[PDB]
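> Can you look at this? It's an experimental structure, sequence on top.
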Amino acid sequence: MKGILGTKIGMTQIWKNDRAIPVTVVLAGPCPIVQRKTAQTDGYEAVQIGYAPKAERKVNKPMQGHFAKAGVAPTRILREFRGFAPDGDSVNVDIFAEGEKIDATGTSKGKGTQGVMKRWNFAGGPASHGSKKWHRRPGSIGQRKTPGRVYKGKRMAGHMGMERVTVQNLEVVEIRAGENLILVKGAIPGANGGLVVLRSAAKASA
Amino acid sequence: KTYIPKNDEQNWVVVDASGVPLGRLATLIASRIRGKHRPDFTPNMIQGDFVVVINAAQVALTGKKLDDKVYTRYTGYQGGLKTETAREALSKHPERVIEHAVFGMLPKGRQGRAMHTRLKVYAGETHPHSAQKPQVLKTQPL
Amino acid sequence: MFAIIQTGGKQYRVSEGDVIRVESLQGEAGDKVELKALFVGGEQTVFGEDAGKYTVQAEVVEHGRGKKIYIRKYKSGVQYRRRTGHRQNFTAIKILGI
Amino acid sequence: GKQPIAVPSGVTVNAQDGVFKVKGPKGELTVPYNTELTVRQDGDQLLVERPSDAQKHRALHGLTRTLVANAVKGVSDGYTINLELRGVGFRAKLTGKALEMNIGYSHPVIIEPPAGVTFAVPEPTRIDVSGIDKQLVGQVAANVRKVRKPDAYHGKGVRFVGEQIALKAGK
Amino acid sequence: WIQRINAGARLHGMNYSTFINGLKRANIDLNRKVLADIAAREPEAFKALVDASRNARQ
RNA sequence: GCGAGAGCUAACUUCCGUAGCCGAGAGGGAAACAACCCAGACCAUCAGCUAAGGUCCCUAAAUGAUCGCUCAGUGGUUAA
RNA sequence: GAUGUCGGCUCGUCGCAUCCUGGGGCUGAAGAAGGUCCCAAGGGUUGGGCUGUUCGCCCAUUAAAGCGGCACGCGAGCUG
RNA sequence: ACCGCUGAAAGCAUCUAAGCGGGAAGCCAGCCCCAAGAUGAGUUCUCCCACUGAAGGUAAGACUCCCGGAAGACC
Ligand SMILES: [Mg+2]
Ligand SMILES: [Mg+2]
Ligand SMILES: [Mg+2]
Ligand SMILES: [Mg+2]
Ligand SMILES: [Mg+2]
Ligand SMILES: [Mg+2]
Ligand SMILES: [Mg+2]
Ligand SMILES: [Mg+2]
Ligand SMILES: [Mg+2]
Ligand SMILES: [Mg+2]
Ligand SMILES: [Mg+2]
Ligand SMILES: [Mg+2]
Ligand SMILES: [Mg+2]
Ligand SMILES: [Mg+2]
Ligand SMILES: [Mg+2]
Ligand SMILES: [Mg+2]
Ligand SMILES: [Mg+2]
Ligand SMILES: [Mg+2]
Ligand SMILES: [Mg+2]
Ligand SMILES: [Mg+2]
Ligand SMILES: [Mg+2]
Ligand SMILES: [Mg+2]
Ligand SMILES: [Mg+2]
Ligand SMILES: [Mg+2]
Ligand SMILES: [Mg+2]
Ligand SMILES: [Mg+2]
Ligand SMILES: [Mg+2]
Ligand SMILES: [Mg+2]
Ligand SMILES: [Mg+2]
Ligand SMILES: [Mg+2]
Ligand SMILES: [Mg+2]
Ligand SMILES: [Mg+2]
Ligand SMILES: [Mg+2]
Ligand SMILES: [Mg+2]
Ligand SMILES: [Mg+2]
Ligand SMILES: [Mg+2]
Ligand SMILES: [Mg+2]
Ligand SMILES: [Mg+2]
Ligand SMILES: [Mg+2]
Ligand SMILES: [Mg+2]
């Protein structure tokens, strides 16, 4: 339910009661409530919300009308959060607390076309004892006549990364409320400068 | 030499599935789709009618609506048969069960895929195709 | 409506020059007699034997020899390929009768 | 053979499609019966009658007759099963209308009655379950007995009044 | 032919079977060849043929 | 298929006898299918009757009529 | 007028007559640890010495170190 | 699988013959990712309007081109 958007600033070192704890720093900047969607009108419950500011020369006339309907200086990015039904606008401060677990979703740093050794952890071949495919290469791909084909869902070289990724149950080390910063234990997916969505834990872990 | 017609007309009708055995409601709708009730005029043309099935949720079934009716779908992936939604479960979305039965009795060619267009299944009592005032079929034959 | 019951000549009702299988006697004016198997006059239908007493006069028009076909035939792997011509004679007759 | 009913004075029995209604001292109790069988009020005393001597009609006849008996007698006369716990420790008490058993398991076991059932604790080592629906009282008491079936070696666990529990060997 | 003829027949409440029977049992009624077209264009006539077949089966 | 040997009273096995089919046999049935069931194709017809086999919808034709039977999906896979 | 053979490696995927784990009945089942049968195929099923080996014996651990199928799976994928 | 409640065919008994509750790492859902070429092509917000003679100038808007990129073989 609870969520907000932000940028991935970086990862540093920090002590808490004398134990080093790596943290990713996220700017969870103020998020305007643009469109507000009820089941009664739009068939499901959610709220639209925006992030990076964008100068209005750069804005489509239709997008200007969309932001103008609510009264919001136009933002570069928009997202929806199901079940989240706030009031006013969405600051980092009010909706997170020190020590909530929270899911952290982002877009994996993307690594291009990768071989099966990187993309899927294949063994690859011996590098000696005479053998071209001296590594890197997938081996066999089928059985023979009476399977007849190669399997759907098979694993082979492809575009690795650049994917949506959630990370469950990251811990909230510190909230510096006024600056719109938030420290979070461990490693959020993505790259510095990238979009990230911080949200409640999806699992109610007991 | 032999008469062939226009394509000029489309005629609608509501079948009430409420309490009917499925399978018999099946062949009734499947024939009203194929066009066997007016003279079949020509096989090439779908002279058949548009059908609206209401109360599809309440279709009766004999022997076992459980246990027996194991509907099955294969996914393309290894292990993808184990998808046997079966039973009472598909009456969590009834409009497909009826819709499956009729589709097994329409021919598999290019006309049949087009004939699928003419089946309109609504699980509830009511239907929204009021605009093409359909009027009714009913129970059984002679 | 009217059509040969192509077993030979017998038919229902309404008047219009049409083809048929050959009628022996030739020229024109064979006036070949026809025996009703159905009638709809005034859309007043009469049928089966009761109508069959009704007459249908019709003069012969022309003897003919309808469009050509080939009887070609084939069987596999056995060298059985054979070709022949065929052409059916006919007889226009103009309907005229009661 | 099984026919006559001894209906009491406080009862009244509605009659529809063979699936009759009852209201009385504790009414609205209803039990659903087959239509192919005859349901009847002859007048004062109730009577259920078989149509056919086929194997299945007689079966539904006996079932529907015992069920009219149990249901009609359960409103006029009530129900109750007198369970007793046995073994070292083994405690039971009550919180509101919830049953509190505390018997050799690390946690307490609580049981919430379905409606129409009444738990009772005449003694700390005696559970009691009064009600109307015989089937509900049976299922509730059987859920209490599940909490520990008496072991083959010492009879420890839940029981009725005085079940002749069999006892096995040991060491 | 056949597939049109019982469609009209059942429109009048009898199937092909109990129809082409009842014309042949009406004996001299024998028009047989492409009754299809009679059923497909004149229904005033095919109704009379239905009545004839049914009268013959009584 | 029938009658036998060899074989395990196996085999779409092998070797004789006997009838029929395929071989060189198209057509309908048996889902598909040389051998099985019906039946031996001179050519044409937008005519009619039957055979085997069929008559809920794919799919031509009784959601046929009268007595029963099985509540197993037996039907739609063996036995002690 | 060519369907490359054992074994290894690499990739997997399937059956269940279940090696582990999950749920149950009986026990000559006190507990603990087991025996045996019934249901269950989600996932898991270790590293080494000897031998081309498959198998098998050993070492040292494991919850367990399952049995088979896929041209005794896989040489236009590799060895050899 | 198994365990039970009410209970007949048999005035007993029986988890079953109608019916009903419990019960697995399995089934369906819940977790993460793709997804309306779901041709059944879905919903919502916003914009440009009703021109000239199937076209052609144009609106909203895009593209081409340049400089780059934690995007990437090319796209
Ligand atoms: Mg990159
Ligand atoms: Mg390596
Ligand atoms: Mg294949
Ligand atoms: Mg050929
Ligand atoms: Mg040959
Ligand atoms: Mg005919
Ligand atoms: Mg022998
Ligand atoms: Mg042989
Ligand atoms: Mg030869
Ligand atoms: Mg021959
Ligand atoms: Mg043949
Ligand atoms: Mg044949
Ligand atoms: Mg065929
Ligand atoms: Mg066969
Ligand atoms: Mg053969
Ligand atoms: Mg042949
Ligand atoms: Mg015939
Ligand atoms: Mg016959
Ligand atoms: Mg038919
Ligand atoms: Mg029948
Ligand atoms: Mg070759
Ligand atoms: Mg080759
Ligand atoms: Mg060899
Ligand atoms: Mg098993
Ligand atoms: Mg066990
Ligand atoms: Mg023990
Ligand atoms: Mg080993
Ligand atoms: Mg294996
Ligand atoms: Mg072998
Ligand atoms: Mg091999
Ligand atoms: Mg190969
Ligand atoms: Mg060598
Ligand atoms: Mg009992
Ligand atoms: Mg159950
Ligand atoms: Mg449950
Ligand atoms: Mg579960
Ligand atoms: Mg687990
Ligand atoms: Mg469309
Ligand atoms: Mg234009
Ligand atoms: Mg412009």
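It's in. Numbers count the residues shown, from 1 in each chain, chains lettered A, B, ... in the order given. Ligands and ions are numbered 1, 2, ... in the order given.
> Kindly provide the distance from residue A:153 to RNA strand H.
Using Cβ to the nearest atom of the strand, to the nearest Å, residue A:153 is found at 12 Å from RNA strand H. For the C-beta atoms, the positions are set from N, CA and C on the backbone; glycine is no exception.
> Equivalent analysis for residue A:124, please.
Separation of residue A:124 from RNA strand H (Cβ to the nearest atom of the strand) stands at 20 Å.
> Just the element for the residue nearest the centre of chain B, please.
Residue closest to the mean C-alpha point of chain B, counted by Cα atoms, centre = their mean, is residue B:102 at 3.7 Å. Per DSSP states H and E, residue B:102 falls inside helix B:95-105.
> which of the residues in the helix or strand that that helix is followed by are buried?
Per DSSP H and E, the first helix or strand lying C-terminal to helix B:95-105 is helix B:110-115. Applying a neighbour-count criterion of 16 or more other Cβ atoms under 10 Å in any protein chain shown, one finds B:111, B:115 buried in helix B:110-115.
> coming back round to it: tell me the contacts of the residue nearest to the centre of chain B?
Under the criterion of Cβ atoms under 8 Å, 6 or more residues apart in numbering or on different chains, the neighbours of residue B:102 are B:26, B:29-30, B:33, B:119.
> any idea which element residue E:38 lies in?
Here residue E:38 is assigned to helix E:35-41, by DSSP H and E.
> How about residues contacting whichever helix or strand comes after that helix?
As assigned by DSSP H and E, the chain's next helix or strand after helix E:35-41 is helix E:43-57. The contact list for helix E:43-57, computed with Cβ under 8 Å, 6+ apart, reads C:40, C:43, C:45, C:47-48, E:8-9, E:12-14, E:18-23, E:25-27, E:29, E:35, E:38-39.
> change it to 7 Å
With contact meaning Cβ atoms under 7 Å, 6 or more residues apart in numbering or on different chains, helix E:43-57 is reached by C:40, C:43, C:45, C:47, E:8-9, E:12, E:14, E:18-19, E:22-23, E:25-26, E:29, E:38-39.
> go on, stretch D:4-23?
Contacts of stretch D:4-23 (Cβ under 7 Å, 6+ apart): D:24-25, D:29-30, D:32-35, D:37, D:39, D:41, D:45-47, D:68-69, D:71-72, D:75-76.
> what about 10 Å?
With contact meaning Cβ atoms under 10 Å, 6 or more residues apart in numbering or on different chains, stretch D:4-23 is reached by D:24-42, D:44-48, D:64-65, D:68-69, D:71-77.
> cool, and stretch B:130-142?
So stretch B:130-142 is in contact with B:10-16, B:20, B:24-25, B:28-29, B:32, B:37, B:49-52, B:54, B:120, B:127, E:10, E:13-15, E:18, going by Cβ under 10 Å, 6+ apart.
> Now which of the contacts of stretch D:4-23 would you call buried?
Buried among those (16+ other Cβ under 10 Å): D:24, D:29, D:31, D:33-34, D:37, D:39, D:46, D:48, D:64-65, D:68-69, D:71-76.
> quick revisit: would you turn the contacts of residue B:102 into JSON lines with secondary structure and neighbour count?
Below are these laid out as JSON lines (DSSP: H, G, I helix; E, B strand; the rest coil; neighbours: other Cβ atoms under 10 Å in any protein chain shown):
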{"residue": "B:26", "secondary structure": "helix", "neighbour count": "20"}
{"residue": "B:29", "secondary structure": "helix", "neighbour count": "27"}
{"residue": "B:30", "secondary structure": "helix", "neighbour count": "21"}
{"residue": "B:33", "secondary structure": "helix", "neighbour count": "23"}
{"residue": "B:119", "secondary structure": "strand", "neighbour count": "20"}
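> Looking at these, which is nearest residue D:88?
In terms of Cβ to Cβ, no member of the contacts of residue B:102 lies closer to residue D:88 than residue B:26, at 66.0 Å.
> Next one: that closest one from residue B:53, what distance?
Separation of residue B:26 from residue B:53 (Cβ to Cβ, to the nearest Å): 10 Å.
> any residues in contact with both of those two?
Residues within reach of residue B:26 and of residue B:53 at once, by Cβ under 10 Å, 6+ apart, are B:17, B:59, B:98, B:102.
> Is the helix or strand containing residue D:69 in proximity to chain B?
Using DSSP H and E, residue D:69 falls within helix D:55-77. No: under the criterion of Cβ under 10 Å from any Cβ of the partner chain, helix D:55-77 makes no contact with chain B; the nearest approach is 16.8 Å.
> how far is that helix from where the chain is centred?
Chain-centre distance of helix D:55-77: 14 Å, with Cα atoms, centre = their mean, to the nearest Å.
> Please name every helix or strand in contact with that helix.
Using 3 or more Cβ pairs under 10 Å, 6 or more residues apart in numbering or on different chains; DSSP states H and E as the contact test, the elements touching helix D:55-77 are strand D:12-13, strand D:22-23, helix D:134-146.
> OK, contacts around the residue lying closest to residue A:125 once chain neighbours are set aside?
Of all residues not flanking residue A:125 in the chain, residue A:133 sits nearest, at 4.7 Å (Cβ to Cβ, 6 or more residues apart in numbering or on different chains). Applying Cβ under 10 Å, 6+ apart to residue A:133 gives the contacts A:124-127, A:139.
> Now render those residues as TSV, adding neighbour count, distance to residue D:162 and secondary structure.
Formatted as TSV, the contacts of residue A:133 follow (neighbours: other Cβ atoms under 10 Å in any protein chain shown; distance: Cβ to Cβ, whole Å; DSSP: H, G, I helix; E, B strand; the rest coil):
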residue	neighbour count	distance to residue D:162	secondary structure
A:124	16	75	coil
A:125	17	77	coil
A:126	11	78	coil
A:127	10	81	coil
A:139	10	73	coil
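> which of the residues you listed are close to RNA strand G?
By Cβ under 7 Å from any atom of the strand, the members of those lying near RNA strand G are A:124-126, A:139.
> So which of the contacts of helix E:43-57 sit within strands?
Among these, DSSP state E puts C:40, C:45, C:47 in strands.
> Considering the residues you listed, which possesses the most neighbours?
Most neighbours among the ones in strands among the contacts of helix E:43-57, by other Cβ atoms under 10 Å in any protein chain shown: residue C:47, with 24 neighbours.
> rewinding a little: quick one: which two of the contacts of residue A:133 are the most distant?
A:127 and A:139 (14.7 Å).
> re the thing from before, which members of the contacts of helix E:43-57 are positioned in helices?
Counting by DSSP state H, the members of the contacts of helix E:43-57 that fall within helices are E:8-9, E:18-19, E:22-23, E:38-39.
> of all the helices and strands packed on helix D:55-77, which lies closest to residue A:61?
For the helices and strands packed on helix D:55-77, the distance to residue A:61 is smallest for helix D:134-146, at 68.0 Å, taking Cβ to Cβ.
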